[PDB]
Structures are given as structure tokens and as C-alpha cells.
2 protein chains.
Amino acid sequence: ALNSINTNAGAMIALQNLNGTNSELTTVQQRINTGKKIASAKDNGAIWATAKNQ
Amino acid sequence: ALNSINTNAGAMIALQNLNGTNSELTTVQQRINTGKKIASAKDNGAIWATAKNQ
């Protein structure tokens, strides 16, 4: 309503973008800790299985 | 990956060439200790057998 005192979409959208950035930071920190792109089976299943077998 | 922290091919290839040189040194030192090219039956079987019989 642009004057509503019960809600505001700006805060929700700002929250969503902040959480997106936090998830990206999680991924990069994982990449740094392990030293490789595909560490677990969640990153990429096909390539992970291939590397294990190889 | 040229920045991988888990592996590097340069070290492996350097190792392989170093081991090749070490094997060559083994052969030359054998040649010096015994005083002859074909000492054992591993050097050359045909010529070694010929020399024994002769």
C-alpha cells in the first residue's frame, strides 16, 4: 500500500538477495576448504562417480 | 587446472625423468664394476650364452 505499517516487500526482497549471496559464499568457501570443484556427490554426480572409479 | 592445490603434473614428469637418469647410472656403474658390457644373462641372452659356451 506504500504506507502499510504491517508489511513491506522491500525488506523481503532484500532478505532474499542477501540469502542468495550467503549461499554463494558457502559454495566458494567449500571450494577453498576442499581444494576442488566437485568434492561431494552433490556438486556433480556424474563427474564425481567417474573420478572415484578412475 | 594450473592452480590446483591437490596435484601437479610437473612434479610427476620431473620424477619420471629423474628415475630414468638413475636407471642409466645403475647400468653404467654395473659396467664399471664388472668390466664388461654383457655381464649377466639380462644384458644380452644370446651373446652371453655364446660366450659361456665358447
# chains A, B, ... in the order shown; residues from 1 in each chain; ligands from 1

$ interface_residues --of "chain B" --to "chain A" --cutoff "12 Å" --atoms "only C-alpha atoms" --output "PyMOL selection string"
chain B and resi 1+3-7

$ write_last_selection --atoms "C-alpha atoms" --output "CSV table (one decimal), in the first residue's frame"
chain,number,residue,atom,x,y,z
B,1,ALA,CA,44.0,-26.8,-13.7
B,3,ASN,CA,46.1,-23.6,-10.0
B,4,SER,CA,45.2,-27.0,-8.4
B,5,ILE,CA,46.4,-27.5,-4.9
B,6,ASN,CA,45.9,-31.2,-4.9
B,7,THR,CA,48.2,-32.2,-7.8

$ calpha_fit_and_write --fixed "chain A" --moving "chain B" --output "PDB file with N, CA and C atoms, in the first residue's frame"
ATOM      1  N   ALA B   1       0.827  -1.201   0.000  1.00  0.00           N
ATOM      2  CA  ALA B   1       0.000  -0.001  -0.001  1.00  0.00           C
ATOM      3  C   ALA B   1       0.864   1.255  -0.001  1.00  0.00           C
ATOM      4  N   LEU B   2       2.175   1.050   0.105  1.00  0.00           N
ATOM      5  CA  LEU B   2       3.218   2.072   0.127  1.00  0.00           C
ATOM      6  C   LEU B   2       3.211   2.868   1.424  1.00  0.00           C
ATOM      7  N   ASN B   3       2.247   2.631   2.307  1.00  0.00           N
ATOM      8  CA  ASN B   3       2.215   3.260   3.618  1.00  0.00           C
ATOM      9  C   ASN B   3       1.815   2.247   4.678  1.00  0.00           C
ATOM     10  N   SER B   4       1.764   0.971   4.324  1.00  0.00           N
ATOM     11  CA  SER B   4       1.332  -0.067   5.241  1.00  0.00           C
ATOM     12  C   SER B   4       2.309  -0.199   6.393  1.00  0.00           C
ATOM     13  N   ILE B   5       1.769  -0.335   7.603  1.00  0.00           N
ATOM     14  CA  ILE B   5       2.601  -0.469   8.783  1.00  0.00           C
ATOM     15  C   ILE B   5       2.729  -1.922   9.211  1.00  0.00           C
ATOM     16  N   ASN B   6       2.080  -2.841   8.501  1.00  0.00           N
ATOM     17  CA  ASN B   6       2.116  -4.252   8.844  1.00  0.00           C
ATOM     18  C   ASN B   6       3.062  -5.063   7.975  1.00  0.00           C
ATOM     19  N   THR B   7       3.517  -4.521   6.850  1.00  0.00           N
ATOM     20  CA  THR B   7       4.323  -5.301   5.923  1.00  0.00           C
ATOM     21  C   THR B   7       5.089  -4.359   5.009  1.00  0.00           C
ATOM     22  N   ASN B   8       6.107  -4.906   4.351  1.00  0.00           N
ATOM     23  CA  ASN B   8       6.817  -4.180   3.307  1.00  0.00           C
ATOM     24  C   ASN B   8       7.561  -5.182   2.444  1.00  0.00           C
ATOM     25  N   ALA B   9       7.387  -5.077   1.126  1.00  0.00           N
ATOM     26  CA  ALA B   9       8.037  -6.021   0.230  1.00  0.00           C
ATOM     27  C   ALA B   9       9.526  -5.750   0.083  1.00  0.00           C
ATOM     28  N   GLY B  10       9.962  -4.514   0.324  1.00  0.00           N
ATOM     29  CA  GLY B  10      11.369  -4.203   0.159  1.00  0.00           C
ATOM     30  C   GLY B  10      12.238  -5.024   1.087  1.00  0.00           C
ATOM     31  N   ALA B  11      11.804  -5.174   2.339  1.00  0.00           N
ATOM     32  CA  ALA B  11      12.574  -5.956   3.296  1.00  0.00           C
ATOM     33  C   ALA B  11      12.642  -7.420   2.888  1.00  0.00           C
ATOM     34  N   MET B  12      11.529  -7.975   2.406  1.00  0.00           N
ATOM     35  CA  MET B  12      11.523  -9.369   1.980  1.00  0.00           C
ATOM     36  C   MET B  12      12.466  -9.592   0.809  1.00  0.00           C
ATOM     37  N   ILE B  13      12.431  -8.704  -0.180  1.00  0.00           N
ATOM     38  CA  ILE B  13      13.277  -8.892  -1.353  1.00  0.00           C
ATOM     39  C   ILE B  13      14.745  -8.705  -0.989  1.00  0.00           C
ATOM     40  N   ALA B  14      15.036  -7.730  -0.126  1.00  0.00           N
ATOM     41  CA  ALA B  14      16.404  -7.552   0.338  1.00  0.00           C
ATOM     42  C   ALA B  14      16.894  -8.785   1.074  1.00  0.00           C
ATOM     43  N   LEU B  15      16.020  -9.395   1.870  1.00  0.00           N
ATOM     44  CA  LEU B  15      16.359 -10.639   2.546  1.00  0.00           C
ATOM     45  C   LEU B  15      16.679 -11.745   1.560  1.00  0.00           C
ATOM     46  N   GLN B  16      15.854 -11.882   0.531  1.00  0.00           N
ATOM     47  CA  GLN B  16      16.077 -12.938  -0.442  1.00  0.00           C
ATOM     48  C   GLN B  16      17.414 -12.776  -1.150  1.00  0.00           C
ATOM     49  N   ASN B  17      17.744 -11.552  -1.561  1.00  0.00           N
ATOM     50  CA  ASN B  17      19.023 -11.350  -2.237  1.00  0.00           C
ATOM     51  C   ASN B  17      20.196 -11.577  -1.290  1.00  0.00           C
ATOM     52  N   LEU B  18      20.054 -11.161  -0.032  1.00  0.00           N
ATOM     53  CA  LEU B  18      21.117 -11.394   0.934  1.00  0.00           C
ATOM     54  C   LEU B  18      21.349 -12.884   1.145  1.00  0.00           C
ATOM     55  N   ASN B  19      20.272 -13.665   1.211  1.00  0.00           N
ATOM     56  CA  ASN B  19      20.419 -15.106   1.384  1.00  0.00           C
ATOM     57  C   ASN B  19      21.063 -15.744   0.161  1.00  0.00           C
ATOM     58  N   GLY B  20      20.727 -15.257  -1.032  1.00  0.00           N
ATOM     59  CA  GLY B  20      21.400 -15.755  -2.220  1.00  0.00           C
ATOM     60  C   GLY B  20      22.898 -15.530  -2.166  1.00  0.00           C
ATOM     61  N   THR B  21      23.305 -14.324  -1.771  1.00  0.00           N
ATOM     62  CA  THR B  21      24.735 -14.055  -1.656  1.00  0.00           C
ATOM     63  C   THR B  21      25.377 -14.955  -0.611  1.00  0.00           C
ATOM     64  N   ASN B  22      24.680 -15.197   0.500  1.00  0.00           N
ATOM     65  CA  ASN B  22      25.234 -16.070   1.531  1.00  0.00           C
ATOM     66  C   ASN B  22      25.426 -17.494   1.023  1.00  0.00           C
ATOM     67  N   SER B  23      24.482 -17.997   0.228  1.00  0.00           N
ATOM     68  CA  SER B  23      24.644 -19.340  -0.322  1.00  0.00           C
ATOM     69  C   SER B  23      25.829 -19.403  -1.272  1.00  0.00           C
ATOM     70  N   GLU B  24      25.991 -18.375  -2.101  1.00  0.00           N
ATOM     71  CA  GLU B  24      27.150 -18.338  -2.986  1.00  0.00           C
ATOM     72  C   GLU B  24      28.447 -18.332  -2.180  1.00  0.00           C
ATOM     73  N   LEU B  25      28.473 -17.581  -1.076  1.00  0.00           N
ATOM     74  CA  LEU B  25      29.656 -17.579  -0.221  1.00  0.00           C
ATOM     75  C   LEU B  25      29.913 -18.951   0.377  1.00  0.00           C
ATOM     76  N   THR B  26      28.857 -19.660   0.760  1.00  0.00           N
ATOM     77  CA  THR B  26      29.035 -21.025   1.242  1.00  0.00           C
ATOM     78  C   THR B  26      29.724 -21.883   0.191  1.00  0.00           C
ATOM     79  N   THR B  27      29.259 -21.793  -1.053  1.00  0.00           N
ATOM     80  CA  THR B  27      29.848 -22.614  -2.106  1.00  0.00           C
ATOM     81  C   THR B  27      31.318 -22.275  -2.315  1.00  0.00           C
ATOM     82  N   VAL B  28      31.647 -20.985  -2.366  1.00  0.00           N
ATOM     83  CA  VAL B  28      33.043 -20.619  -2.600  1.00  0.00           C
ATOM     84  C   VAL B  28      33.921 -21.062  -1.430  1.00  0.00           C
ATOM     85  N   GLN B  29      33.439 -20.906  -0.192  1.00  0.00           N
ATOM     86  CA  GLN B  29      34.239 -21.331   0.952  1.00  0.00           C
ATOM     87  C   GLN B  29      34.461 -22.833   0.937  1.00  0.00           C
ATOM     88  N   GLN B  30      33.463 -23.597   0.501  1.00  0.00           N
ATOM     89  CA  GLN B  30      33.660 -25.033   0.338  1.00  0.00           C
ATOM     90  C   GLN B  30      34.757 -25.301  -0.680  1.00  0.00           C
ATOM     91  N   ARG B  31      34.686 -24.611  -1.818  1.00  0.00           N
ATOM     92  CA  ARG B  31      35.694 -24.778  -2.855  1.00  0.00           C
ATOM     93  C   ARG B  31      37.086 -24.489  -2.312  1.00  0.00           C
ATOM     94  N   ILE B  32      37.198 -23.515  -1.416  1.00  0.00           N
ATOM     95  CA  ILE B  32      38.506 -23.171  -0.867  1.00  0.00           C
ATOM     96  C   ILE B  32      38.959 -24.216   0.144  1.00  0.00           C
ATOM     97  N   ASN B  33      38.044 -24.687   0.997  1.00  0.00           N
ATOM     98  CA  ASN B  33      38.432 -25.647   2.026  1.00  0.00           C
ATOM     99  C   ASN B  33      38.880 -26.965   1.424  1.00  0.00           C
ATOM    100  N   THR B  34      38.137 -27.474   0.445  1.00  0.00           N
ATOM    101  CA  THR B  34      38.471 -28.783  -0.094  1.00  0.00           C
ATOM    102  C   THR B  34      39.541 -28.722  -1.175  1.00  0.00           C
ATOM    103  N   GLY B  35      39.592 -27.638  -1.936  1.00  0.00           N
ATOM    104  CA  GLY B  35      40.563 -27.511  -2.999  1.00  0.00           C
ATOM    105  C   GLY B  35      40.132 -28.026  -4.353  1.00  0.00           C
ATOM    106  N   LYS B  36      38.835 -28.241  -4.577  1.00  0.00           N
ATOM    107  CA  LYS B  36      38.361 -28.854  -5.815  1.00  0.00           C
ATOM    108  C   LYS B  36      36.902 -28.483  -6.039  1.00  0.00           C
ATOM    109  N   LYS B  37      36.492 -28.475  -7.313  1.00  0.00           N
ATOM    110  CA  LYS B  37      35.115 -28.122  -7.656  1.00  0.00           C
ATOM    111  C   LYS B  37      34.129 -29.162  -7.160  1.00  0.00           C
ATOM    112  N   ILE B  38      34.263 -30.396  -7.634  1.00  0.00           N
ATOM    113  CA  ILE B  38      33.377 -31.485  -7.252  1.00  0.00           C
ATOM    114  C   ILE B  38      34.024 -32.207  -6.076  1.00  0.00           C
ATOM    115  N   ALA B  39      33.584 -31.883  -4.868  1.00  0.00           N
ATOM    116  CA  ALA B  39      34.091 -32.552  -3.681  1.00  0.00           C
ATOM    117  C   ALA B  39      33.182 -33.709  -3.287  1.00  0.00           C
ATOM    118  N   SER B  40      31.913 -33.425  -3.053  1.00  0.00           N
ATOM    119  CA  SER B  40      30.949 -34.428  -2.653  1.00  0.00           C
ATOM    120  C   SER B  40      30.125 -34.830  -3.867  1.00  0.00           C
ATOM    121  N   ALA B  41      29.168 -35.719  -3.646  1.00  0.00           N
ATOM    122  CA  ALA B  41      28.306 -36.180  -4.722  1.00  0.00           C
ATOM    123  C   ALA B  41      27.203 -35.191  -5.047  1.00  0.00           C
ATOM    124  N   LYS B  42      27.092 -34.099  -4.293  1.00  0.00           N
ATOM    125  CA  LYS B  42      26.071 -33.097  -4.567  1.00  0.00           C
ATOM    126  C   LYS B  42      26.504 -32.116  -5.641  1.00  0.00           C
ATOM    127  N   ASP B  43      27.803 -31.860  -5.747  1.00  0.00           N
ATOM    128  CA  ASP B  43      28.316 -30.919  -6.732  1.00  0.00           C
ATOM    129  C   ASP B  43      27.979 -31.368  -8.149  1.00  0.00           C
ATOM    130  N   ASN B  44      28.450 -32.548  -8.538  1.00  0.00           N
ATOM    131  CA  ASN B  44      28.109 -33.119  -9.837  1.00  0.00           C
ATOM    132  C   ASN B  44      28.219 -34.629  -9.717  1.00  0.00           C
ATOM    133  N   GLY B  45      27.092 -35.325  -9.843  1.00  0.00           N
ATOM    134  CA  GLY B  45      27.103 -36.756  -9.610  1.00  0.00           C
ATOM    135  C   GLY B  45      27.891 -37.529 -10.649  1.00  0.00           C
ATOM    136  N   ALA B  46      27.693 -37.202 -11.925  1.00  0.00           N
ATOM    137  CA  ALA B  46      28.350 -37.951 -12.988  1.00  0.00           C
ATOM    138  C   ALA B  46      29.866 -37.867 -12.885  1.00  0.00           C
ATOM    139  N   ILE B  47      30.395 -36.651 -12.793  1.00  0.00           N
ATOM    140  CA  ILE B  47      31.840 -36.486 -12.764  1.00  0.00           C
ATOM    141  C   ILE B  47      32.421 -37.055 -11.480  1.00  0.00           C
ATOM    142  N   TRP B  48      31.704 -36.913 -10.367  1.00  0.00           N
ATOM    143  CA  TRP B  48      32.195 -37.455  -9.107  1.00  0.00           C
ATOM    144  C   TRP B  48      32.328 -38.968  -9.184  1.00  0.00           C
ATOM    145  N   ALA B  49      31.291 -39.641  -9.681  1.00  0.00           N
ATOM    146  CA  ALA B  49      31.365 -41.087  -9.826  1.00  0.00           C
ATOM    147  C   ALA B  49      32.499 -41.485 -10.755  1.00  0.00           C
ATOM    148  N   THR B  50      32.655 -40.758 -11.861  1.00  0.00           N
ATOM    149  CA  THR B  50      33.735 -41.064 -12.790  1.00  0.00           C
ATOM    150  C   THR B  50      35.092 -40.968 -12.107  1.00  0.00           C
ATOM    151  N   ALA B  51      35.314 -39.901 -11.341  1.00  0.00           N
ATOM    152  CA  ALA B  51      36.609 -39.719 -10.697  1.00  0.00           C
ATOM    153  C   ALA B  51      36.875 -40.788  -9.648  1.00  0.00           C
ATOM    154  N   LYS B  52      35.853 -41.169  -8.882  1.00  0.00           N
ATOM    155  CA  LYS B  52      36.026 -42.255  -7.921  1.00  0.00           C
ATOM    156  C   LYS B  52      36.489 -43.523  -8.620  1.00  0.00           C
ATOM    157  N   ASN B  53      35.747 -43.934  -9.649  1.00  0.00           N
ATOM    158  CA  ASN B  53      36.086 -45.170 -10.337  1.00  0.00           C
ATOM    159  C   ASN B  53      37.443 -45.073 -11.008  1.00  0.00           C
ATOM    160  N   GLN B  54      37.854 -43.873 -11.409  1.00  0.00           N
ATOM    161  CA  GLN B  54      39.120 -43.752 -12.110  1.00  0.00           C
ATOM    162  C   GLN B  54      40.311 -43.662 -11.171  1.00  0.00           C
TER     163      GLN B  54
END

$ select_by_dssp --residues "chain B" --states "alpha helix (DSSP H)" --output "PyMOL selection string"
chain B and resi 9-34+45-53
